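**Student:** The structure that follows is given in the form of structure tokens.
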Ligand SMILES: OC[C@H]1O[C@@](CO)(O[C@H]2O[C@H](CO)[C@@H](O)[C@H](O)[C@H]2O)[C@@H](O)[C@@H]1O
Ligand SMILES: OC[C@H]1O[C@@](CO)(O[C@H]2O[C@H](CO)[C@@H](O)[C@H](O)[C@H]2O)[C@@H](O)[C@@H]1O
Ligand SMILES: [Ca+2]
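Below is the structure:
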């Protein structure tokens, strides 16, 4: 049972020997001999091709074997194959860390497969440099050959590097290049409020049931309560919060309570709580929110009782739509509407360039109040007004100045870029001709601060330079505007008149406290109160001789000395903070002040005419009575009389005694030292703000920025874009300081007697880290389906799960207290939902079920993998378990080597019988199927073309690299199974000389 050679002591291995009628084969490994006539085809044998197909099957359908989201696969999915073709030669069982790209073995179509090949060659160096680009009409057997080559080379590089880090990077660079897996398939569009280039709304589906909702009532603003009109746009930025969901409404009330009790809750400090709210982005959320805030303020503070109790919680709305005020009035003015009619009237008549400004009459009429003869109180809708804001006429223009100074694209910049752009912006601000800055700021502010029936709001960026550390550098307007502000406290009260004469000159008059009309003789205090204002927008203004401008100061101001507050000059303006050296004018017996093209009593700049300089383009002059005492205070304290009417705020002299300060810019820089922190510095200046007549300080939103860079808010970290609703400089400082600095700022403000406003931002949330498969439809900013988009009821990977430790710590936690203390809040039916808030479920973590949708994320229409027929692949979690065919376990009945009669056939991948071909098995042997499809296994010399002489043992294996000793001589078959003739050969140590018939001569 061994055949050794007795002379050389060597055994013969892989040797077939004839012993009479007996045939003995001595095997490869040990030379162990066995009856050659009894060798049988191993019926468990598989082909080399079959092993390749099986190695690439998924190890399993568990979460760890196949990277997924809710069971769905993505173009980025890596998986654990059953076997790894290690170093591109040896099939080896996979470990659980042997994850591989699904795109190494599967493609959505053969076009993509071909692009994959060209990309892996050109960018991965995974195929020979000089190989033709693969074509659209590329053969599928050619594509498959070279896909296997790529596999082999990938495993080769993985072996030299011991890593797939390079491969994660390369595959995602490749993915990113396909239209179906990038923004090209998302219909990028910036129309309306698609500030980030597009929206996807969340829709109910059986495929993604955990993200379904009974609510998602969209666009339901003050003009669209029932849902039958268009309303404002529901969609704005980032992840849009579904505020029509009763459970979400309860969570907004929870958060509102937190802000109003922030100092108690976070530091046991009753002096560190906010006093009011700014409702941010009102026209972008369910208007039910205005009613929920009202009801809570009514239960906690008794807002509607009297002016005294209401005015102790000044609240304002960011409500841009022109039909909003009537609505705000209808529901009790729980928060002040803005007067956008009036702000626009200022933009149109003062704030434009000399050749853009319109006649000044509109300042009198285009407003919630007609100011021709404003001589009553409690008769109009109460409002706040303003000239600029952190966004309005600041953020766009500043980004223009940044782009112009640096050359970078719009809205992209680093801190050096901001600074250079700020330099350019401030130079523009200080020119006569302005490109990025508003004109006539002195006049605009004079209108702002002398209007009756208005709570004016002063903007930080008009007192201090927008870019820089908090309060670092003053604007050119600081003296002018603060002069106006202290003058407002001291003199501005009572009735108002406005008219525009024949020369287009506006005269604006306040009578002082105790007089509503020009005919009222007023009280004691009236005498040295009131104000007279002359404005023109005509840089070329010239009055003709004799012509004049009359201010009708009134019957309380007959034969009286007035002195200048502000005069226009050639290069600017002159400010006078009191009576010293201020030019004078005298009223006549009628109380009329007269100006002409001539100076009064030889005093320079007391004549009326046009100027054009960095402050004034047109004309500004402001006059008050002389000889007011230095402590004169013209304000009116709110009455604690019971309200006859269901409202909170009333438009009167007490409300008119309030000034809001918007105390930030988007462009405040990050502090370089703790003393530079906005909120520390706010704490140091509360008396300064009080001196200006500021009664409420509007703080920036204090939520920690997402810092994700997906919008201006998360570039300069203003606080409008955040992940965690309850993290107010707590996890780490916000741009303005720690939560400690915040509390100290609030406590210091309260010490001065100032209120403080929390910016309430219930529209949206940014940068949630947890992925979620959601059925989405591409849509405009109202959620109207984008008709040309193929993204329609399509599963899509969203970033919708998370919210921070503070949302987790506090979400829903005060709902108990609220039920206990104010049960009345939980019984109110709100107008859009027509049911109550729902406190029975606490939100401690966000997921898609609580969102109306998201900006487009640039993952691509096809990112979530589906078969040709539209069926989604899935592990089995969210829908039917269905995996690609190359990952799936295949039925092998009829495939591979099948016995039929006394023959073995081989049926290929298409179940095709193979004829006249060699097939290699997974362990290295070759087999030949003859022209009839029949495995040869007869142990006889046979001629085969592709001619050579082959011999196949009874188990069908091609005999090869060995000797055959028959009674008629010995033959040698080479490494390819072909008989050798007529040469000397060497196989290892053995040398074999063969003649022309193949017979062995010597060895
Ligand atoms: O900022 C873009 C755009 O948003 C509006 C919406 O009213 O501004 C308010 O809401 C945004 C998201 O909360 C903030 O970016 C913005 O600062 C805030 O005032 C529009 O005013 C502004 O044009
Ligand atoms: O808001 C109306 C406005 O949206 C536009 C472009 O911003 O169209 C989008 O919204 C449509 C509503 O019918 C989709 O059907 C459409 O595919 C998409 O362009 C404007 O056409 C339309 O005036
Ligand atoms: Ca919204």
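Residue numbers (PDB author numbering): 746 to 1691, 1695 to 1751. We put the beta carbon where it would ideally sit given N, CA and C, even for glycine.
1) Leaving aside the five residues before and after residue 1544 along the sequence, list all residues of the same chain whose C-beta is less than 6 Å from its C-beta, in chain order.
2) For residue 1508, verify whether its CB is less than 7 Å away from any heavy atom of ligand 3.
3) Measuring straight from C-alpha to C-alpha, what distance separates residue 1695 and residue 1725?
4) Can you grab the Cα-Cα spacing for the pair residue 1053 / residue 1274, in whole Å?
5) Check residue 1765 in the structure and name its three-state DSSP category.
6) For residue 1530, which of helix, strand or coil comes out of DSSP?
7) Three-state secondary structure (DSSP) at residue 991?
8) Straight-line CA distance for residue 859 to residue 833?
9) Would you grab the beta carbon distance between residue 1374 and residue 1234 for me? Rounded to a whole angstrom, and I think it's under 8 Å.
10) I want to know whether the stretch 1470-1480 touches the stretch 1547-1555 - three or more CB-CB distances under 8 Å.
11) Which residues does DSSP list as the beta-bridge partners of residue 1627?
12) Nearest by alpha-carbon distance to residue 795: which of 1736, 1637 and 1179 is it?
13) Examine ligand 2 and report whether any of its heavy atoms sits within less than 7 Å of the Cβ of residue 931.
14) Using a Cβ-Cβ cut-off of 7 Å (strictly less than) and excluding sequence neighbours within five positions of residue 1224, which residues of its own chain qualify?
15) Use the C-beta contact count for residue 809: other C-beta atoms within 10 angstroms, 16 or more gives buried, fewer gives exposed.
16) Given residue 747, which residues of its chain have a CB within under 6 Å of its CB, disregarding the five upstream and five downstream residues?
17) Would you check if there are 3 or more beta carbon pairs closer than 8 Å linking the stretch 1484-1498 to the stretch 1575-1583?
18) Cβ of residue 863 within 8 Å of Cβ of residue 879?
19) Within 7 Å: the Cβ of residue 1025 and any heavy atom of ligand 1?
20) Going by the beta-carbon positions, is the gap between residue 1211 and residue 1410 smaller than 8 Å?
21) Give me the DSSP bridge partner(s) of residue 1731.
22) Sorry if obvious, but does the Cβ on residue 980 come closer than 7 Å to a heavy atom of ligand 3?
23) With C-beta atoms as the reference, is residue 1240 less than 8 Å away from residue 1260?
24) Does the beta-carbon of residue 1237 have 16 or more other beta-carbons within 10 angstroms, so that it is buried, or is it exposed?
25) Using a Cβ-Cβ cutoff of less than 6 Å, which residues in the same chain neighbour residue 1642 once the five nearest sequence positions on both sides are dropped?
26) How far does the beta strand (DSSP E) with residue 800 in it extend, from its first residue to its last?
27) Quick check: is any heavy atom of ligand 1 less than 7 Å from the C-beta of residue 841?
28) Output needed for residue 1230: all residues of its chain with C-beta closer than 6 Å, excluding positions within five of it in sequence on either side, in chain order.
29) Since residue 1502 contacts residue 1022 with CB under 8 Å, what's their CB separation in whole angstroms?
30) Quick check: what's the CA-CA separation for residue 1406 versus residue 1362?
31) Quick check: the stretch 986-1003 against the stretch 1093-1105, are at least 3 beta-carbon pairs closer than 8 Å?
32) Under the assumption that residue 851 contacts residue 1629 (Cβ atoms under 8 Å), give the Cβ distance between them as a whole number of angstroms.
33) Within 7 Å: the Cβ of residue 940 and any heavy atom of ligand 1?
34) Nearest to residue 1692 by CA position, among 1486, 1154 and 1179, is which residue?
35) Please indicate yes or no: does the CB of residue 1063 lie closer than 7 Å to some heavy atom of ligand 1?
36) Which of helix, strand or coil does DSSP assign to residue 1425?
**Tutor:** Looking at the coordinates:
1) For this step, residue 1544 is matched to residue 799 along the chain shown. Same-chain partners within the cutoff: 1513.
2) Here the question's residue 1508 lines up with position 763 in the chain shown. It does: the Cβ of residue 1508 is within 7 Å (strictly closer) of some heavy atom of ligand 3.
3) In the chain shown, counting from the first residue as 1, residue 1695 sits at position 947. In the chain shown, counting from the first residue as 1, residue 1725 sits at position 977. Going by the C-alpha atoms only, they are around 12 Å apart.
4) Indexing the chain shown from 1 puts residue 1053 at position 308. Indexing the chain shown from 1 puts residue 1274 at position 529. Rounded to the nearest whole angstrom, the C-alpha separation of residue 1053 and residue 1274 is 24 Å.
5) Here the chain has residues from 746 to 1751 only, and residue 1765 is not among them.
6) The count along the chain shown starts at 1 and reaches residue 1530 at position 785. It is a strand residue.
7) Indexing the chain shown from 1 puts residue 991 at position 246. In the structure shown, residue 991 falls within a helical segment according to DSSP collapsed to helix, strand and coil.
8) For the purposes of this step, residue 859 is identified with residue 114 of the chain shown, where counting begins at 1. For the purposes of this step, residue 833 is identified with residue 88 of the chain shown, where counting begins at 1. Each residue's Cα considered, the two are about 21 Å apart.
9) Within the chain shown, residue 1374 is the residue found at index 629, counting from 1. Within the chain shown, residue 1234 is the residue found at index 489, counting from 1. With a beta-carbon spacing of about 13 Å, residue 1374 and residue 1234 fall beyond the 8 Å limit used to define contacts.
10) When C-beta atoms of the stretch 1470-1480 are compared with those of the stretch 1547-1555, three or more pairs fall below 8 Å, so the two segments count as touching.
11) Position 882 of the chain shown, counted from the first residue, corresponds to residue 1627. The partner list for residue 1627 (beta bridge, DSSP) reads 1619.
12) Numbered from 1 along the chain shown, position 50 holds the residue referred to as residue 795. Out of 1736, 1637 and 1179, 1637 has the C-alpha closest to the C-alpha of residue 795.
13) Within the chain shown, the letter at position 186 stands for residue 931. Residue 931: no, Cβ never under 7 Å from ligand 2.
14) For the purposes of this step, residue 1224 is taken as residue 479 along the chain shown, with counting starting at 1. Once the five neighbours on either side are set aside, the close Cβ partners of residue 1224 are 1320.
15) Stepping through the chain shown from its first residue, residue 809 is reached at position 64. It is exposed - the Cβ of residue 809 has fewer than 16 other Cβ atoms within 10 Å.
16) On the chain shown, residue 747 is found 2 positions in, with the first residue counted as 1. Scanning its chain for C-beta atoms nearer than 6 Å, with the 5 sequence neighbours on each side dropped, one finds around residue 747 the residues 756 and 776, in chain order.
17) The stretch 1484-1498 is not in contact with the stretch 1575-1583.
18) Within the chain shown, the letter at position 118 stands for residue 863. Within the chain shown, the letter at position 134 stands for residue 879. Contact flag set, yes.
19) Here residue 1025 refers to the residue found at position 280 of the chain shown. Short note on residue 1025: C-beta closer than 7 Å to some heavy atom of ligand 1.
20) For the purposes of this step, residue 1211 is identified with residue 466 of the chain shown, where counting begins at 1. For the purposes of this step, residue 1410 is identified with residue 665 of the chain shown, where counting begins at 1. Yes, the Cβ-Cβ distance between residue 1211 and residue 1410 is below 8 Å.
21) Against the chain shown, residue 1731 aligns to sequence position 983. Answer by DSSP bridge pairing, in chain order: 1742.
22) The sequence position of residue 980 within the chain shown is 235, counting from 1. Between ligand 3 and residue 980, a heavy atom-to-CB distance of less than 7 Å is present.
23) Here residue 1240 refers to the residue found at position 495 of the chain shown. Here residue 1260 refers to the residue found at position 515 of the chain shown. Going by C-beta atoms, residue 1240 is nearer than 8 Å to residue 1260.
24) Residue 1237 sits at position 492 when you count from the first residue of the chain shown. Around the beta carbon of residue 1237, 16 or more other beta carbons lie within 10 angstroms, which makes this residue buried.
25) Taking the chain shown and counting its residues from 1, the one referred to as residue 1642 is at position 897. Taken in chain order, the residues that qualify are 790, 1649 and 1651.
26) Numbered from its first residue, the chain shown carries residue 800 at position 55. Going by DSSP, residue 800 is part of no beta strand (DSSP E) but of the alpha helix (DSSP H) stretching over 793-800.
27) Within the chain shown, numbered from 1, the residue matching residue 841 stands at position 96. Incorrect: residue 841 has no Cβ contact closer than 7 Å to ligand 1.
28) Locating residue 1230 in the chain shown gives position 485, counting from the first residue. So the list reads 1437 and 1438, once near-sequence residues are dropped.
29) For the purposes of this step, residue 1502 is taken as the residue at position 757 of the chain shown. For the purposes of this step, residue 1022 is taken as the residue at position 277 of the chain shown. With a Cβ gap of about 6 Å, residue 1502 and residue 1022 count as contacting.
30) On the chain shown, residue 1406 is found 661 positions in, with the first residue counted as 1. On the chain shown, residue 1362 is found 617 positions in, with the first residue counted as 1. Residue 1406 and residue 1362: Cα-Cα distance of roughly 26 Å.
31) Here the stretch 1093-1105 does not lie against the stretch 986-1003, with fewer than 3 beta-carbon pairs under 8 Å apart.
32) Within the chain shown, numbered from 1, the residue matching residue 851 stands at position 106. Within the chain shown, numbered from 1, the residue matching residue 1629 stands at position 884. About 5 Å separates the two Cβ atoms, so the contact holds.
33) On the chain shown, position 195 is the one that residue 940 refers to. Residue 940 Cβ: within cutoff of ligand 1.
34) Missing here is residue 1692; the chain as given proceeds from 1691 to 1695 without the residues in between.
35) Locating residue 1063 in the chain shown gives position 318, where the first residue counts as 1. At least one heavy atom of ligand 1 lies less than 7 Å from the C-beta of residue 1063.
36) In the chain shown, counting from the first residue as 1, residue 1425 sits at position 680. Judged by DSSP in its simplified three-state form, residue 1425 adopts helix.
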